[PDB]
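The file run.pdb contains PDB, C-alpha atoms and all ligand atoms:
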```
ATOM      1  CA  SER C   1    -138.155 173.205 145.219  1.00  0.00           C
ATOM      2  CA  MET C   2    -135.632 173.463 142.338  1.00  0.00           C
ATOM      3  CA  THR C   3    -135.959 174.127 138.617  1.00  0.00           C
ATOM      4  CA  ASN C   4    -133.303 171.498 137.737  1.00  0.00           C
ATOM      5  CA  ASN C   5    -134.636 168.258 136.260  1.00  0.00           C
ATOM      6  CA  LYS C   6    -131.246 166.762 137.224  1.00  0.00           C
ATOM      7  CA  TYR C   7    -132.110 167.182 140.928  1.00  0.00           C
ATOM      8  CA  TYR C   8    -135.617 165.739 140.382  1.00  0.00           C
ATOM      9  CA  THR C   9    -134.719 162.497 142.180  1.00  0.00           C
ATOM     10  CA  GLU C  10    -137.401 160.328 143.810  1.00  0.00           C
ATOM     11  CA  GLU C  11    -135.534 160.781 147.103  1.00  0.00           C
ATOM     12  CA  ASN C  12    -135.852 164.545 146.709  1.00  0.00           C
ATOM     13  CA  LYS C  13    -139.469 164.013 145.618  1.00  0.00           C
ATOM     14  CA  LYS C  14    -140.127 162.348 148.992  1.00  0.00           C
ATOM     15  CA  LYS C  15    -138.230 165.082 150.871  1.00  0.00           C
ATOM     16  CA  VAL C  16    -140.332 167.740 149.167  1.00  0.00           C
ATOM     17  CA  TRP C  17    -143.571 165.798 149.674  1.00  0.00           C
ATOM     18  CA  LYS C  18    -142.967 165.675 153.425  1.00  0.00           C
ATOM     19  CA  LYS C  19    -141.881 169.303 153.751  1.00  0.00           C
ATOM     20  CA  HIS C  20    -144.984 170.379 151.867  1.00  0.00           C
ATOM     21  CA  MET C  21    -147.129 168.402 154.316  1.00  0.00           C
ATOM     22  CA  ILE C  22    -145.396 170.286 157.114  1.00  0.00           C
ATOM     23  CA  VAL C  23    -145.886 173.741 155.592  1.00  0.00           C
ATOM     24  CA  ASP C  24    -149.493 173.077 154.529  1.00  0.00           C
ATOM     25  CA  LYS C  25    -150.522 172.963 158.190  1.00  0.00           C
ATOM     26  CA  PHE C  26    -148.773 176.300 158.750  1.00  0.00           C
ATOM     27  CA  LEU C  27    -150.645 177.919 155.845  1.00  0.00           C
ATOM     28  CA  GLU C  28    -154.066 177.069 157.270  1.00  0.00           C
ATOM     29  CA  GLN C  29    -153.325 178.985 160.482  1.00  0.00           C
ATOM     30  CA  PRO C  30    -155.394 182.190 160.889  1.00  0.00           C
ATOM     31  CA  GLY C  31    -153.707 185.354 159.670  1.00  0.00           C
ATOM     32  CA  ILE C  32    -151.112 183.332 157.747  1.00  0.00           C
ATOM     33  CA  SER C  33    -153.664 182.065 155.198  1.00  0.00           C
ATOM     34  CA  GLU C  34    -154.665 185.653 154.389  1.00  0.00           C
ATOM     35  CA  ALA C  35    -151.079 186.840 153.970  1.00  0.00           C
ATOM     36  CA  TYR C  36    -150.536 183.810 151.746  1.00  0.00           C
ATOM     37  CA  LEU C  37    -153.533 184.829 149.675  1.00  0.00           C
ATOM     38  CA  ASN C  38    -152.074 188.353 149.357  1.00  0.00           C
ATOM     39  CA  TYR C  39    -148.782 186.823 148.259  1.00  0.00           C
ATOM     40  CA  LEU C  40    -150.498 184.733 145.572  1.00  0.00           C
ATOM     41  CA  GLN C  41    -152.601 187.672 144.342  1.00  0.00           C
ATOM     42  CA  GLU C  42    -149.315 189.523 143.724  1.00  0.00           C
ATOM     43  CA  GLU C  43    -147.266 186.525 142.504  1.00  0.00           C
ATOM     44  CA  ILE C  44    -149.776 185.265 139.903  1.00  0.00           C
ATOM     45  CA  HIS C  45    -148.820 188.272 137.733  1.00  0.00           C
ATOM     46  CA  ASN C  46    -145.053 187.543 137.937  1.00  0.00           C
ATOM     47  CA  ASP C  47    -143.829 186.341 134.554  1.00  0.00           C
ATOM     48  CA  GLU C  48    -140.795 184.655 136.155  1.00  0.00           C
ATOM     49  CA  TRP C  49    -143.204 181.753 136.874  1.00  0.00           C
ATOM     50  CA  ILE C  50    -142.994 180.204 133.419  1.00  0.00           C
ATOM     51  CA  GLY C  51    -145.244 177.137 133.380  1.00  0.00           C
ATOM     52  CA  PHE C  52    -146.830 177.579 136.821  1.00  0.00           C
ATOM     53  CA  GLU C  53    -150.115 179.077 135.571  1.00  0.00           C
ATOM     54  CA  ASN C  54    -151.999 175.936 136.583  1.00  0.00           C
ATOM     55  CA  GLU C  55    -150.455 175.627 140.047  1.00  0.00           C
ATOM     56  CA  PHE C  56    -151.082 179.313 140.793  1.00  0.00           C
ATOM     57  CA  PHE C  57    -154.685 178.822 139.624  1.00  0.00           C
ATOM     58  CA  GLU C  58    -155.173 175.806 141.880  1.00  0.00           C
ATOM     59  CA  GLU C  59    -153.666 177.518 144.943  1.00  0.00           C
ATOM     60  CA  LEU C  60    -155.525 180.785 144.439  1.00  0.00           C
ATOM     61  CA  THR C  61    -158.977 179.227 143.956  1.00  0.00           C
ATOM     62  CA  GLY C  62    -158.396 176.781 146.815  1.00  0.00           C
ATOM     63  CA  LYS C  63    -158.303 173.614 144.735  1.00  0.00           C
ATOM     64  CA  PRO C  64    -156.896 170.496 146.467  1.00  0.00           C
ATOM     65  CA  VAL C  65    -153.112 170.301 146.676  1.00  0.00           C
ATOM     66  CA  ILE C  66    -153.036 166.830 145.051  1.00  0.00           C
ATOM     67  CA  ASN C  67    -155.399 164.872 142.816  1.00  0.00           C
ATOM     68  CA  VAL C  68    -157.431 162.203 144.615  1.00  0.00           C
TER      69      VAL C  68
ATOM     70  CA  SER E   1    -154.626 162.246 152.142  1.00  0.00           C
ATOM     71  CA  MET E   2    -151.087 163.172 151.326  1.00  0.00           C
ATOM     72  CA  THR E   3    -150.268 160.365 153.825  1.00  0.00           C
ATOM     73  CA  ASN E   4    -151.791 157.631 151.611  1.00  0.00           C
ATOM     74  CA  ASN E   5    -149.306 156.087 149.168  1.00  0.00           C
ATOM     75  CA  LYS E   6    -152.256 155.487 146.818  1.00  0.00           C
ATOM     76  CA  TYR E   7    -151.970 159.120 145.657  1.00  0.00           C
ATOM     77  CA  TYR E   8    -148.136 159.176 145.620  1.00  0.00           C
ATOM     78  CA  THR E   9    -148.379 159.215 141.789  1.00  0.00           C
ATOM     79  CA  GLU E  10    -145.938 160.984 139.489  1.00  0.00           C
ATOM     80  CA  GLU E  11    -148.452 163.645 138.454  1.00  0.00           C
ATOM     81  CA  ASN E  12    -149.009 164.377 142.136  1.00  0.00           C
ATOM     82  CA  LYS E  13    -145.243 164.371 142.799  1.00  0.00           C
ATOM     83  CA  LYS E  14    -144.728 167.083 140.151  1.00  0.00           C
ATOM     84  CA  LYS E  15    -147.781 169.033 141.336  1.00  0.00           C
ATOM     85  CA  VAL E  16    -146.415 169.072 144.886  1.00  0.00           C
ATOM     86  CA  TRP E  17    -142.943 169.960 143.598  1.00  0.00           C
ATOM     87  CA  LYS E  18    -144.163 173.071 141.808  1.00  0.00           C
ATOM     88  CA  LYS E  19    -146.532 174.142 144.592  1.00  0.00           C
ATOM     89  CA  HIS E  20    -143.706 173.787 147.071  1.00  0.00           C
ATOM     90  CA  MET E  21    -141.576 176.176 144.997  1.00  0.00           C
ATOM     91  CA  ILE E  22    -144.405 178.732 145.088  1.00  0.00           C
ATOM     92  CA  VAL E  23    -144.774 178.323 148.848  1.00  0.00           C
ATOM     93  CA  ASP E  24    -140.979 178.484 149.417  1.00  0.00           C
ATOM     94  CA  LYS E  25    -140.794 182.127 148.190  1.00  0.00           C
ATOM     95  CA  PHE E  26    -143.629 183.128 150.585  1.00  0.00           C
ATOM     96  CA  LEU E  27    -141.651 181.586 153.500  1.00  0.00           C
ATOM     97  CA  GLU E  28    -138.723 183.905 152.608  1.00  0.00           C
ATOM     98  CA  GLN E  29    -140.867 187.061 153.029  1.00  0.00           C
ATOM     99  CA  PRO E  30    -139.831 189.093 156.123  1.00  0.00           C
ATOM    100  CA  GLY E  31    -142.218 188.447 159.056  1.00  0.00           C
ATOM    101  CA  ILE E  32    -143.450 185.133 157.580  1.00  0.00           C
ATOM    102  CA  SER E  33    -140.076 183.488 157.923  1.00  0.00           C
ATOM    103  CA  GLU E  34    -139.907 184.191 161.660  1.00  0.00           C
ATOM    104  CA  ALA E  35    -143.508 183.004 162.080  1.00  0.00           C
ATOM    105  CA  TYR E  36    -142.715 179.790 160.228  1.00  0.00           C
ATOM    106  CA  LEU E  37    -139.663 178.977 162.361  1.00  0.00           C
ATOM    107  CA  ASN E  38    -141.791 179.617 165.467  1.00  0.00           C
ATOM    108  CA  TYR E  39    -144.418 177.253 164.079  1.00  0.00           C
ATOM    109  CA  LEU E  40    -141.774 174.572 163.444  1.00  0.00           C
ATOM    110  CA  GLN E  41    -140.384 174.968 166.976  1.00  0.00           C
ATOM    111  CA  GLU E  42    -143.849 174.336 168.422  1.00  0.00           C
ATOM    112  CA  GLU E  43    -144.960 171.551 166.069  1.00  0.00           C
ATOM    113  CA  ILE E  44    -141.865 169.301 166.084  1.00  0.00           C
ATOM    114  CA  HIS E  45    -143.242 167.702 169.301  1.00  0.00           C
ATOM    115  CA  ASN E  46    -146.659 166.721 167.920  1.00  0.00           C
ATOM    116  CA  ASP E  47    -147.065 162.991 167.239  1.00  0.00           C
ATOM    117  CA  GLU E  48    -148.633 163.788 163.853  1.00  0.00           C
ATOM    118  CA  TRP E  49    -144.988 164.432 162.872  1.00  0.00           C
ATOM    119  CA  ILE E  50    -143.450 161.109 163.870  1.00  0.00           C
ATOM    120  CA  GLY E  51    -140.786 160.241 161.310  1.00  0.00           C
ATOM    121  CA  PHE E  52    -140.617 163.842 159.985  1.00  0.00           C
ATOM    122  CA  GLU E  53    -137.825 164.837 162.415  1.00  0.00           C
ATOM    123  CA  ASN E  54    -135.121 165.018 159.723  1.00  0.00           C
ATOM    124  CA  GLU E  55    -137.342 167.372 157.690  1.00  0.00           C
ATOM    125  CA  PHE E  56    -138.141 169.511 160.728  1.00  0.00           C
ATOM    126  CA  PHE E  57    -134.408 169.704 161.396  1.00  0.00           C
ATOM    127  CA  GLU E  58    -133.574 170.704 157.842  1.00  0.00           C
ATOM    128  CA  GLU E  59    -136.284 173.370 157.735  1.00  0.00           C
ATOM    129  CA  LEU E  60    -135.362 174.648 161.213  1.00  0.00           C
ATOM    130  CA  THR E  61    -131.636 175.061 160.477  1.00  0.00           C
ATOM    131  CA  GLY E  62    -131.867 176.458 156.937  1.00  0.00           C
ATOM    132  CA  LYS E  63    -131.007 173.390 154.888  1.00  0.00           C
ATOM    133  CA  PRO E  64    -131.930 173.389 151.184  1.00  0.00           C
ATOM    134  CA  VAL E  65    -135.368 171.801 150.605  1.00  0.00           C
ATOM    135  CA  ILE E  66    -133.739 169.246 148.247  1.00  0.00           C
ATOM    136  CA  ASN E  67    -130.196 167.774 148.500  1.00  0.00           C
ATOM    137  CA  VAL E  68    -128.462 169.142 145.316  1.00  0.00           C
TER     138      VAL E  68
HETATM  139 CA    CA H   1    -155.826 191.474 150.144  1.00  0.00          CA
END
```

Would it be possible to restate this file's structure as structure tokens?
Ligand SMILES: [Ca+2]
Amino acid sequence: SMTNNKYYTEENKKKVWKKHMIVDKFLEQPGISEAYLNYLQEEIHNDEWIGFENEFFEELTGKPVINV
Amino acid sequence: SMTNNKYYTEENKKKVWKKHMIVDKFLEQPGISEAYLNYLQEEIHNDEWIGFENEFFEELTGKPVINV
């Protein structure tokens, strides 16, 4: 969670990996998953997300979070 | 699956990085942020989260997701 390639350190990569594992469980909780869907349905049209087309597509259509 | 270092590839690191930015804005929405901190309060005790205590602490006390 930062747009700076300078902060894109493998230590921060691991930090972010683990925090995403934590929040992923929260997103699957009933109610929350629907409000998250509503958020994405709104956010996918927000042109501030330059270059995130593919990640918005994967989250909205329920594609896996990572590539196995 | 995110626990297996076999998939800790660089493509997956970047994918997680960008998806975590998307999810971070949702967690700042009013209502959701409270529900998330409640979730964290409950879940910190579960043994699934052994060795995630630093991340739970950072998320619980409003630390930046990455160091910076
Ligand atoms: Ca809806």

Closest pair table for chain C residues within 10 Å of ligand CA 1 (chain H), only C-alpha atoms and all ligand atoms, as JSON lines:
```
{"residue": "C:34", "atom": "CA", "partner": "H:CA1", "partner_atom": "CA", "distance": 7.3}
{"residue": "C:35", "atom": "CA", "partner": "H:CA1", "partner_atom": "CA", "distance": 7.7}
{"residue": "C:36", "atom": "CA", "partner": "H:CA1", "partner_atom": "CA", "distance": 9.4}
{"residue": "C:37", "atom": "CA", "partner": "H:CA1", "partner_atom": "CA", "distance": 7.0}
{"residue": "C:38", "atom": "CA", "partner": "H:CA1", "partner_atom": "CA", "distance": 4.9}
{"residue": "C:39", "atom": "CA", "partner": "H:CA1", "partner_atom": "CA", "distance": 8.6}
{"residue": "C:40", "atom": "CA", "partner": "H:CA1", "partner_atom": "CA", "distance": 9.7}
{"residue": "C:41", "atom": "CA", "partner": "H:CA1", "partner_atom": "CA", "distance": 7.6}
{"residue": "C:42", "atom": "CA", "partner": "H:CA1", "partner_atom": "CA", "distance": 9.3}
```

Please superimpose chain C upon chain E, fitting all C-alpha atoms matched one to one in order, and report the result as a PDB file with C-alpha atoms, keeping the file's coordinate frame.
```pdb
ATOM      1  CA  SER C   1    -149.415 166.628 150.866  1.00  0.00           C
ATOM      2  CA  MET C   2    -151.143 163.317 151.752  1.00  0.00           C
ATOM      3  CA  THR C   3    -150.179 160.351 153.913  1.00  0.00           C
ATOM      4  CA  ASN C   4    -151.593 157.829 151.387  1.00  0.00           C
ATOM      5  CA  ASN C   5    -149.005 155.919 149.360  1.00  0.00           C
ATOM      6  CA  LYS C   6    -151.882 155.149 146.954  1.00  0.00           C
ATOM      7  CA  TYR C   7    -152.086 158.851 146.007  1.00  0.00           C
ATOM      8  CA  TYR C   8    -148.278 159.076 145.645  1.00  0.00           C
ATOM      9  CA  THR C   9    -148.509 159.313 141.845  1.00  0.00           C
ATOM     10  CA  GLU C  10    -145.743 160.951 139.791  1.00  0.00           C
ATOM     11  CA  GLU C  11    -148.375 163.384 138.490  1.00  0.00           C
ATOM     12  CA  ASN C  12    -149.169 164.363 142.072  1.00  0.00           C
ATOM     13  CA  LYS C  13    -145.418 164.439 142.766  1.00  0.00           C
ATOM     14  CA  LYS C  14    -145.081 167.104 140.050  1.00  0.00           C
ATOM     15  CA  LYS C  15    -148.124 169.016 141.350  1.00  0.00           C
ATOM     16  CA  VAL C  16    -146.623 169.077 144.833  1.00  0.00           C
ATOM     17  CA  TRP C  17    -143.153 169.982 143.547  1.00  0.00           C
ATOM     18  CA  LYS C  18    -144.549 173.057 141.801  1.00  0.00           C
ATOM     19  CA  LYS C  19    -146.761 174.158 144.689  1.00  0.00           C
ATOM     20  CA  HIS C  20    -143.802 173.882 147.034  1.00  0.00           C
ATOM     21  CA  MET C  21    -141.782 176.126 144.712  1.00  0.00           C
ATOM     22  CA  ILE C  22    -144.622 178.630 144.915  1.00  0.00           C
ATOM     23  CA  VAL C  23    -144.898 178.570 148.712  1.00  0.00           C
ATOM     24  CA  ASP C  24    -141.121 178.625 149.274  1.00  0.00           C
ATOM     25  CA  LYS C  25    -140.996 182.171 147.901  1.00  0.00           C
ATOM     26  CA  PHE C  26    -143.782 183.162 150.302  1.00  0.00           C
ATOM     27  CA  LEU C  27    -141.887 181.746 153.296  1.00  0.00           C
ATOM     28  CA  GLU C  28    -138.806 183.878 152.650  1.00  0.00           C
ATOM     29  CA  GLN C  29    -140.840 187.092 152.914  1.00  0.00           C
ATOM     30  CA  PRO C  30    -140.036 189.186 156.027  1.00  0.00           C
ATOM     31  CA  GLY C  31    -142.295 188.568 159.003  1.00  0.00           C
ATOM     32  CA  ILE C  32    -143.599 185.341 157.453  1.00  0.00           C
ATOM     33  CA  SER C  33    -140.256 183.532 157.865  1.00  0.00           C
ATOM     34  CA  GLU C  34    -140.270 184.316 161.595  1.00  0.00           C
ATOM     35  CA  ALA C  35    -143.844 183.128 162.102  1.00  0.00           C
ATOM     36  CA  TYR C  36    -142.873 179.995 160.187  1.00  0.00           C
ATOM     37  CA  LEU C  37    -139.949 179.500 162.535  1.00  0.00           C
ATOM     38  CA  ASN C  38    -142.322 179.873 165.515  1.00  0.00           C
ATOM     39  CA  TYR C  39    -144.615 177.301 163.931  1.00  0.00           C
ATOM     40  CA  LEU C  40    -141.751 174.822 163.495  1.00  0.00           C
ATOM     41  CA  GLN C  41    -140.449 175.393 167.038  1.00  0.00           C
ATOM     42  CA  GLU C  42    -143.908 174.345 168.279  1.00  0.00           C
ATOM     43  CA  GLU C  43    -144.569 171.606 165.683  1.00  0.00           C
ATOM     44  CA  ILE C  44    -141.255 169.739 166.114  1.00  0.00           C
ATOM     45  CA  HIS C  45    -142.569 168.474 169.481  1.00  0.00           C
ATOM     46  CA  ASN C  46    -145.855 167.154 167.990  1.00  0.00           C
ATOM     47  CA  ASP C  47    -145.812 163.362 168.037  1.00  0.00           C
ATOM     48  CA  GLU C  48    -148.451 163.212 165.276  1.00  0.00           C
ATOM     49  CA  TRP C  49    -145.493 163.715 162.880  1.00  0.00           C
ATOM     50  CA  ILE C  50    -144.392 160.087 162.850  1.00  0.00           C
ATOM     51  CA  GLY C  51    -141.351 159.812 160.581  1.00  0.00           C
ATOM     52  CA  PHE C  52    -140.835 163.531 159.906  1.00  0.00           C
ATOM     53  CA  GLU C  53    -137.989 164.014 162.408  1.00  0.00           C
ATOM     54  CA  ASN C  54    -135.508 164.522 159.575  1.00  0.00           C
ATOM     55  CA  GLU C  55    -137.643 166.967 157.590  1.00  0.00           C
ATOM     56  CA  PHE C  56    -138.396 169.033 160.705  1.00  0.00           C
ATOM     57  CA  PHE C  57    -134.653 169.049 161.464  1.00  0.00           C
ATOM     58  CA  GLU C  58    -133.787 170.229 157.959  1.00  0.00           C
ATOM     59  CA  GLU C  59    -136.427 172.988 157.947  1.00  0.00           C
ATOM     60  CA  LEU C  60    -135.622 174.226 161.441  1.00  0.00           C
ATOM     61  CA  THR C  61    -131.844 174.452 160.940  1.00  0.00           C
ATOM     62  CA  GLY C  62    -132.282 175.992 157.485  1.00  0.00           C
ATOM     63  CA  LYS C  63    -130.888 173.093 155.480  1.00  0.00           C
ATOM     64  CA  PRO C  64    -131.611 173.141 151.715  1.00  0.00           C
ATOM     65  CA  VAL C  65    -135.081 171.993 150.695  1.00  0.00           C
ATOM     66  CA  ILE C  66    -133.683 169.404 148.238  1.00  0.00           C
ATOM     67  CA  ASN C  67    -130.371 167.585 147.869  1.00  0.00           C
ATOM     68  CA  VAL C  68    -128.086 168.992 145.169  1.00  0.00           C
TER      69      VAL C  68
END
```

What residues in chain E have any atom no more than 10 Å from chain C when counting only C-alpha atoms, and can you write them as a short mmCIF file (atom, residue, chain, number, x, y, z; two decimals) with C-alpha atoms, keeping the file's coordinate frame?
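In the end it all went to result-v4.cif:
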```
data_model
loop_
_atom_site.label_atom_id
_atom_site.label_comp_id
_atom_site.auth_asym_id
_atom_site.auth_seq_id
_atom_site.Cartn_x
_atom_site.Cartn_y
_atom_site.Cartn_z
CA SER E 1 -154.63 162.25 152.14
CA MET E 2 -151.09 163.17 151.33
CA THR E 3 -150.27 160.36 153.82
CA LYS E 6 -152.26 155.49 146.82
CA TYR E 7 -151.97 159.12 145.66
CA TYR E 8 -148.14 159.18 145.62
CA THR E 9 -148.38 159.22 141.79
CA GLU E 10 -145.94 160.98 139.49
CA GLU E 11 -148.45 163.65 138.45
CA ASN E 12 -149.01 164.38 142.14
CA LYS E 13 -145.24 164.37 142.80
CA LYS E 14 -144.73 167.08 140.15
CA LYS E 15 -147.78 169.03 141.34
CA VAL E 16 -146.42 169.07 144.89
CA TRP E 17 -142.94 169.96 143.60
CA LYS E 18 -144.16 173.07 141.81
CA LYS E 19 -146.53 174.14 144.59
CA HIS E 20 -143.71 173.79 147.07
CA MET E 21 -141.58 176.18 145.00
CA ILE E 22 -144.40 178.73 145.09
CA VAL E 23 -144.77 178.32 148.85
CA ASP E 24 -140.98 178.48 149.42
CA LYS E 25 -140.79 182.13 148.19
CA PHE E 26 -143.63 183.13 150.58
CA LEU E 27 -141.65 181.59 153.50
CA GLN E 29 -140.87 187.06 153.03
CA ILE E 32 -143.45 185.13 157.58
CA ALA E 35 -143.51 183.00 162.08
CA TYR E 36 -142.72 179.79 160.23
CA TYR E 39 -144.42 177.25 164.08
CA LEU E 40 -141.77 174.57 163.44
CA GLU E 43 -144.96 171.55 166.07
CA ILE E 44 -141.86 169.30 166.08
CA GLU E 48 -148.63 163.79 163.85
CA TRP E 49 -144.99 164.43 162.87
CA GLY E 51 -140.79 160.24 161.31
CA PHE E 52 -140.62 163.84 159.99
CA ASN E 54 -135.12 165.02 159.72
CA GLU E 55 -137.34 167.37 157.69
CA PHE E 56 -138.14 169.51 160.73
CA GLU E 58 -133.57 170.70 157.84
CA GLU E 59 -136.28 173.37 157.74
CA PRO E 64 -131.93 173.39 151.18
CA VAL E 65 -135.37 171.80 150.60
CA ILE E 66 -133.74 169.25 148.25
CA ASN E 67 -130.20 167.77 148.50
CA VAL E 68 -128.46 169.14 145.32
#
```

Build an axis-aligned box that encloses every atom of range 10-20 of chain E listed in the file, pad it by 8 Å on each side, and report its centre and edge lengths in Å to one decimal, as JSON.
```
{"center_x": -146.0, "center_y": 167.6, "center_z": 142.8, "size_x": 22.1, "size_y": 29.2, "size_z": 24.6}
```

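Pairwise distance (CA of residue 53 in chain E, CA of residue 28 in chain E) equals 21.5 Å.
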
Open item on the list: Quick check, in Å to one decimal: how far apart do CA of residue 5 in chain C and CA of residue 63 in chain E lie?
Closed with: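 Going from CA of residue 5 in chain C over to CA of residue 63 in chain E covers 19.7 Å.
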
Task: Point-to-point distance from CA of residue 46 in chain C to CA of residue 60 in chain E, Å rounded to tenths - done: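 That distance, rounded to one decimal, is 28.3 Å.
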